[PDB]
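*Asks:* build me a model from this:
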Amino acid sequence: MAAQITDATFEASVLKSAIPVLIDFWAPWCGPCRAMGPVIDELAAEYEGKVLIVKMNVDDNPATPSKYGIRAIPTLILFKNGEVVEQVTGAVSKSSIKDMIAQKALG
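*Replies:* Numbers count the residues shown, from 1 in each chain. There you are, the coordinates:
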């Protein structure tokens, strides 16, 4: 499952792990950002037990996007071992995110 996590909390679960992880950056003041709610919740259950999934709020955690090279936008990052390999900027459908992770994160 996915949830709303915090900069000091997510690293203790993701960055300390060897599993592939997915971040989604969002804020409640933008439309496609808050509308990712049912998107993340579908795909989070497609990858369960073999992939880690979190969403990161850019109004509550303004340093977390900035250190991954982001401002305050709907963008997702796919990586492993706590170290970036690929990002996806702009909003995308749950169907497109699954069809991508089917090789990227599941291997």
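
*Asks:* give the helix, strand or coil label for the most centrally placed residue in the chain.
*Replies:* Geometric centre of the chain, nearest residue: residue 23, 1.7 Å, by Cα atoms, centre = their mean. Here residue 23 is recorded as strand under DSSP: H, G, I helix; E, B strand; the rest coil.

*Asks:* so who does it touch?
*Replies:* Contacts for residue 23 (Cβ atoms under 8 Å, 6 or more residues apart in numbering) come out as 10, 54, 55, 56, 68, 76, 77, 79. The C-beta positions use only the backbone N, C-alpha and C, and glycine is treated the same way.

*Asks:* next one: residue 78
*Replies:* Residue 78 touches 20, 21, 22, 85, 86, 87, 88, 101, 104, 105, counting by Cβ under 8 Å, 6+ apart.

*Asks:* from these, list the buried ones, please.
*Replies:* 20, 21, 22, 88, 101, 104, 105 (16 or more other Cβ atoms under 10 Å).

*Asks:* rewinding a little: give me the beta-bridge partners of the residue nearest to the centre of the chain?
*Replies:* residue 54, residue 77 (DSSP bridges).

*Asks:* measure it to residue 90 for me?
*Replies:* Using Cβ to Cβ, to the nearest Å, residue 23 is found at 15 Å from residue 90.

*Asks:* sec struct for residue 45, please.
*Replies:* On the basis of three-state DSSP, residue 45 is classed as helix.

*Asks:* burial measure for it, as a count.
*Replies:* 11 (other Cβ atoms under 10 Å).

*Asks:* Throw the contacts of residue 23 into CSV and include neighbour count, thanks.
*Replies:* Listed next are the contacts of residue 23 as CSV, based on neighbours: other Cβ atoms under 10 Å:
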residue, neighbour count
10, 20
54, 19
55, 21
56, 22
68, 15
76, 25
77, 20
79, 20
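
*Asks:* I'd like the residues you listed written out as TSV, with distance to residue 16 added.
*Replies:* Putting the contacts of residue 23 into TSV (distance: Cβ to Cβ, whole Å) gives the following:
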residue	distance to residue 16
10	10
54	13
55	19
56	17
68	17
76	21
77	17
79	14
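
*Asks:* of those residues, closest to residue 96?
*Replies:* Taking Cβ to Cβ as the measure, residue 76 is the one of the contacts of residue 23 closest to residue 96, at 10.8 Å.
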